[PDB]
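Q: sequence, then structure. It's an experimental one.
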Amino acid sequence: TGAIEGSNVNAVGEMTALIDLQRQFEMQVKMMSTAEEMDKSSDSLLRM
Amino acid sequence: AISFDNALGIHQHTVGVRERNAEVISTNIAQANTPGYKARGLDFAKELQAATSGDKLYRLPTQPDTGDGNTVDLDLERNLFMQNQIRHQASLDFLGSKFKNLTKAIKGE
């Protein structure tokens, strides 16, 4: 009694999770870009 | 002898089958993005036999679908369409030369 319990959020734990989520997000975006790049190249097969 | 069948050979039935195959291949390409659509294959040997005198084949996917259910491998469809067009062009040349040789003999020109 006479005290209030705050939150247990570990600020560093969230920040290091953020930077890893950013890098993994960006790497998958590159996978999307190289997927359409391959698709565009494999379109001259029907380009007689 | 001296008949159009014995003269043209199987180059008249083959052309029809090659156009049939192109219709099937083009259908798979168009229906690539439709979920639940299963890729359709065509047996050339059976179709040629049926054409000479006169069932559904599905293509096994190389990899699982991403959830939609469509088993159309657009990389393979383009390759087969390119091959079908080349062999169809040869069949037209083969069949076209049958008529030219027949006309050449009946006129001596």
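A: In hand now; what should we look at? Residues are numbered from 1 along each chain as shown, chains lettered A, B, ... in the order given.
Q: contacting residues for the residue in chain A positioned nearest to chain B?
A: Going by C-beta to the nearest C-beta, chain B is nearest to residue A:45 of chain A, at 4.6 Å. Any C-beta I mention is one placed from the backbone N, CA and C, and that applies to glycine too. Contacts here follow C-beta atoms under 8 Å, 6 or more residues apart in numbering or on different chains; on that basis residue A:45 touches B:78-79, B:81-82.
Q: against residue A:16, how distant is it?
A: To residue A:16, residue A:45 is 46 Å away according to C-beta to C-beta, to the nearest Å.
Q: show me where chain A has its helices.
A: In chain order, chain A shows helices spanning A:11-41, with DSSP state H as the criterion.
Q: that should have said chain B, apologies.
A: Defined through DSSP H, the helices belonging to chain B, from first to last, are B:4-8, B:11-30, B:44-52, B:74-107.
Q: which one of the ones you listed has the most crowded surroundings?
A: helix B:11-30 (a mean of 18; mean count of other C-beta atoms under 10 Å in any protein chain shown).
Q: residue closest to the middle of chain B?
A: By C-alpha atoms, centre = their mean, chain B has its centre lying nearest to residue B:18, at 2.3 Å.
Q: doesn't residue B:89 make contact with it?
A: No: in this structure, residue B:18 is not within contact of residue B:89 by C-beta atoms under 8 Å, at 9.1 Å.
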